[PDB]
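Colleague:
The structure is reproduced here in structure tokens:
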């Protein structure tokens with residue numbers, strides 16, 4: 051028997067993603083797909099400065115290619131997902147009746 | 149010989165799983181008999197109340 | 028360093044199909 | 002042409018049987034790559050929780085490689101020197117001031133120059157050469173002479189095990205130390221780690237006797275204290291007696307001239323166990339060199355730093 | 297405001313390979329055309 | 001391995017039970038499952054006096070456990086292995102401190118019985134969480150409560166010897182790592207009595223042991239230097255007493271010195287690594 055009519059209000063949440071938000075402009079991001087593969091915490095930088103061709107002094111110099119190294123940070127974000135046992139036992143057995 | 153030992157191990161695990169299933173099948177009847185003994189007022193009460 | 032004795036075969040670009048720089 | 006004692010196929014299938022399962026990926030990129038991972042997850046929970054042979058098979062298939089805890093500190097980059105080695109056992113002195121955004125730790129050379137400033149071979153010149161001024165570490169600690177008068181210097185020094193990750197900054201250097209568990213590399217990848225102890229402050233107890263635990267030893271010598279490091283494979287509970295016997299020829303021999311008052315000064319040194327390294331690997335001597343000169347150093351591999359409490363001798 | 301939204305990529309970039317195109321020497325025309333492509337791209341912006 | 005332990009509550013619960021488990025989710029309790042004997046709820050029952058040595062020897066007898074969740078009937082909690090590290094908060098009625106202390110203590114709450122005992126009228130289990138506090142804080146408050154109840158019983162015997170103002174100026178104020186804390190107020203009475211008979215039996219026992227070990231090493235540096243220090247007023251009156259009463263004195267002396275040495279050792283000895291102020295939590299392993 052339809053006894054009473056109750057109204058509840060769930061909360062709409064603006065779910066965000068890293069590409070959807072705006073600070074992904076700053077970071078050219080990749081999908082490296084397994085971070086155990088890189089085995090050195092430093093990364094070599096090949097900085098190549100160009101040259102300006104002076105003529106009066108006749109004092110030529112090549113492009114003074116100098117190479118420095120910089121570290122690679124790593125982070126570890128973790129959370130929990132709370133799935134119920136009965137819903138997984140429902141999901142394991144495919145039903146056929148409506 | 150390791151086939152016989154592995155078949156004995158499979159029998160051990162199958163006996164342990166059957167022991168667990170039989171432990172639930174007796175524990176379920178135990179909980180049912182406990183609930184039936186917990187919602188049972190005695191007959192010297194219900195000879196008058198009923 | 029770490030590249031003191033190894034040969035490099037190819038590289039892995041960050042989607043730079045026409046650019047050669049980046050990482 | 003002939004037959005080996007081992008067939009490669011049987012060893013191959015045995016390794017394939019005893020192989021750990023792969024860690025469960027979860028692609029957040031594409032929904033078509035997401036639904037297969039969540040279907041694998043629900044099938045994994047189903048065949049790991051349903052009462053059949055699959056549950057006991059997956060339960061035996063599981064191996065338990086736990087990661088150790090790490091101590092992130094912020095120390096002054098002038099009160100430290102990044103030119104020292106990585107695996108150095110640091111000693112965080114307890115700062116009583118709550119209005120301190122940073123903390124202060126100690127390499128053995130720093131507390132060595134503190135003990136020498138409170139009052148040698150090549151290591152004293154090496155410590156004067158590394159830390160150029162003992163005045164910095166002298167006014168870094170608030171009460172040094174008072175706390176060594178009342179002899180409670182030991183519980184104000186808490187050893188935090190060896191140093192592994194140490195970044196280099198201008199102000200406010202950040203260090204990372206493993207505290208409990210195996211020493212390992214965290215940010216830099218988890219390949220290998222060593223523990224550098226100064227050899228002149230590290231003596232073998234069993235060679236004086238003539261697993262493998264490691265003991266840090268404060269002693270209160272009557273002109274000023276000293277740290278020493280003790281390695282012994284003997285008992286965790288029978289380390290006090292042998293070290294009492296070891297410090298016995300010094301204690302009354304320099305304690306005849308001193309007598310306490312307002313009562314303090316009875317506690318002669320205190321000792322904690324830094325942890326245990328394996329009996330398989332020994333300690334291999336090497337050389338620690340600053341830009342001025344060199345110093346012998348002892349490398350200890352495969353440590354399991356479990357820092358205990360300071361115990362009075 | 298110059299706008300209210302920006303066009304950005306819908307997915308992360310993937311690592312592409314470059315260098316081990318191990319095709320054989322096709323002809324003299326292929327190597328000459330690729331040499332002219334690599335050298336005359338110095339003075340050409342488009 | 002699931003280290004979690006399940007406990008079924010007897011009846012249905014209500015609102016401030018949920019509020020007080022949300023208060024006490026971070027703090028911990030010992031162990032023996039059976040919903041009556043969960044922790045110290047069989048010592049804090051008021052039909053007996055809540056004693057310290059019985060509760061302490063029970064706490065050292067049983068293991069420890071972290072409460073994690075309370076639903077309508079379940080009590081989800083995990084216990085303590087010496088193996089892996091768990092997360093600990095304060096959530097305690099004294100809110101003392103965590104400034105990087107590498108040694109911890111777990112003692113029953115001497116500051117307040119009702120401060121850690123949570124009560125339910127529907128469920129009489131009166132469970133209670135012993136106060137986790139750092140080791141210098143622990144030794145300072147145990148000294149400042151033991152000498153306080155000693156002085157209280159001495160004033161009860163004769164009030165003309167000891168006062169209260171000069172002892173509340175000093176023995177009510179623990180101070181550690183810049184922080185100055187305040188505390189003032200049966201179990202401490204008998205604990206003091208054990209110490210009281212141990213420190214009055216320690217003179218005769220001490221002179222008997224140094225008279226037995228006085229000339230073993232017939233010219234020792236260390237033995238003579240430990241003999242030159244102690245009291246000239248002490249080492250006279252030994253040979254007057256009979257044998258059996260002397261050895262009974264030494265036997266009771268040794269039993270209670272071993273008991274009070276293990277009691278002055280801080281029992282469940284936790285150890286923290288990194289404490290976060292803004293979340294009020296630290297990582298801990300059993301030591």
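Protein chains in written order, with PDB author numbering: chain A, 51 to 148; chain B, 149 to 198; chain C, 28 to 50; chain D, 2 to 65, 85 to 139, 148 to 238, 261 to 363; chain E, 297 to 342; chain F, 1 to 32, 38 to 190, 200 to 301.
From the three backbone atoms N, C-alpha and C, an ideal C-beta is built for every residue, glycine too.
1. Residues in the same chain with beta-carbon distance under 6 angstroms from residue 225 of chain D, minus the five sequence neighbours each way, listed in chain order, please.
2. For the putative contact between residue 102 of chain F and residue 139 of chain F, defined by C-beta atoms under 8 angstroms, what is the C-beta separation to the nearest angstrom?
3. Here's the rule I'm using: 16 or more other beta-carbon atoms within 10 Å means buried, otherwise exposed. How should residue 30 of chain F be labelled?
4. Tell me the rounded alpha-carbon separation between residue 130 of chain D and residue 165 of chain D.
5. Identify which residue in F:17, F:174, F:162 has its Cα closest to the Cα of residue 186 of chain F.
6. If contacts are defined as beta-carbon pairs under 8 angstroms, then residue 151 of chain A and residue 215 of chain D qualify, I think. What distance do you get, rounded to the angstrom?
7. Using a Cβ-Cβ cut-off of less than 7 angstroms, give me the residues of the region 299–319 of chain E that come near chain G, in sequence order.
8. Using Cβ-Cβ distances below 8 angstroms, what residues of the region 68–80 of chain A are close to chain E?
9. Just to confirm before moving on: does the CB-CB distance between residue 146 of chain F and residue 100 of chain F stay below 9 angstroms?
10. Within the same chain, show all residues whose beta-carbon is closer than 8 angstroms to that of residue 138 of chain D, passing over the 5 residues directly before and after it, in chain order.
11. For residue 206 of chain F, which residues of its own chain have a beta-carbon under 8 angstroms away from its beta-carbon, when the five flanking residues on both sides are left out?
12. Round the Cβ separation of residue 301 of chain D and residue 318 of chain D to the nearest angstrom and send it over; I've been treating them as touching at under 8 angstroms.
13. From which residue to which residue does the alpha helix (DSSP H) around residue 72 of chain A run?
14. Return the residues of the region 14–48 of chain D that lie within a Cβ-Cβ distance of less than 7 angstroms from chain A, sorted by chain order.
15. Is any beta-carbon of chain B found at less than 9 angstroms from that of residue 7 of chain D?
16. Does the beta carbon of residue 62 of chain D come closer than 9 angstroms to any beta carbon on chain B?
17. Name, please, each residue of chain E whose Cβ falls closer than 7 angstroms to the Cβ of residue 28 of chain C.
18. What residues of chain C sit near residue 137 of chain A, judged by a beta carbon separation below 8 angstroms?
19. Would you call the region 156–165 of chain D in contact with the region 219–234 of chain D, where contact means no fewer than 3 C-beta pairs closer than 8 angstroms?
20. Any beta-carbon of chain D closer than 9 angstroms to the one on residue 129 of chain A?
21. Look up residue 51 of chain A in the DSSP assignment and say whether it is helix, strand or coil.
22. Compare the Cα-Cα distances from residue 363 of chain D to each of D:329, D:261, D:345, D:316 and report the closest residue.
23. Taking 9 angstroms as the threshold (beta carbon to beta carbon), is residue 299 of chain D in contact with chain F?
24. Any beta carbon from chain D within less than 9 angstroms of residue 56 of chain A's own beta carbon?
25. Would you list the residues sitting across from residue 39 of chain C in a DSSP beta bridge?
26. Give the secondary structure of residue 104 of chain D by DSSP, where H, G and I count as helix, E and B as strand, and everything else as coil.
27. For residue 32 of chain F, which residues from the same chain have a beta carbon less than 7 angstroms from its beta carbon, with the 5 sequence-adjacent residues on both sides left out?
28. Output needed for residue 4 of chain C: all residues of its chain with C-beta closer than 8 angstroms, excluding positions within five of it in sequence on either side, in chain order.
29. What are the residues of the region 165–178 of chain B that lie near chain D, defined by any Cβ-Cβ distance shorter than 8 angstroms?
30. Measure from the alpha carbon of residue 86 of chain D to the alpha carbon of each residue in D:212, D:123, D:231, D:39, then state which is nearest.
31. Tell whether a beta-carbon distance below 9 angstroms holds between residue 287 of chain F and residue 300 of chain F.
32. By DSSP, does residue 129 of chain F sit in helix, in strand, or in coil?
33. Please return the same chain residues whose Cβ sits closer than 6 angstroms to the Cβ of residue 89 of chain D, not counting the five positions on each side in sequence.
34. Within 10 angstroms of its Cβ, does residue 166 of chain F collect 16 or more other Cβ (buried), or is it exposed?
35. Would you mind sorting residue 192 of chain B into buried or exposed? The rule is 16 or more other CB atoms within 10 Å of its CB.
36. With a cut-off of 9 angstroms, does the C-beta of residue 161 of chain B fall near any C-beta of chain D?
Modeller: For this structure:
1. Non-local beta-carbon contacts of residue 225 of chain D in its own chain, meaning distances under 6 angstroms to residues more than five positions away in sequence, involve 279, 348 in chain order.
2. 7 angstroms
3. buried
4. 7 angstroms
5. If we check each option's Cα against that of residue 186 of chain F, F:174 comes out closest.
6. One cannot answer for residue 151 of chain A here, as it falls past the ends of chain A, which runs 51 to 148.
7. Given the protein chain composition of this structure (A, B, C, D, E and F), no chain G is represented.
8. In summary, the residues of the region 68–80 of chain A whose CB is separated from some CB of chain E by less than 8 angstroms are 69, 72, 74, 75, 78, 79, 80, in the order they occur in the chain.
9. no
10. Cβ within range, chain order: 172, 173, 176, 274, 275.
11. 151, 154, 155, 158
12. 5 angstroms
13. Note, residue 72 of chain A: premise wrong, no alpha helix (DSSP H); not H, not E.
14. 30, 43, 46, 47
15. no
16. No, because no Cβ of chain B sits closer than 9 angstroms to the Cβ of residue 62 of chain D.
17. Chain E residues near residue 28 of chain C: none, gap ~21 angstroms exceeds 7 angstroms.
18. Per Cβ cutoff of 8 angstroms: no residues; residue 137 of chain A is ~39 angstroms from chain C at best.
19. no
20. no
21. coil
22. Residue D:316 is the option with its Cα nearest to residue 363 of chain D.
23. Interface residue, yes.
24. Cβ-Cβ to chain D under 9 angstroms: no for residue 56 of chain A.
25. According to DSSP, residue 39 of chain C bridges with E:313.
26. coil
27. 67
28. Outside the displayed span of chain C (28 to 50) sits residue 4 of chain C, for which this structure offers no information.
29. Those would be 165, 168, 169, in chain order.
30. For residue 86 of chain D, the closest of D:212, D:123, D:231, D:39 by C-alpha to C-alpha distance is D:212.
31. no
32. coil
33. 207, 208
34. exposed
35. exposed
36. yes
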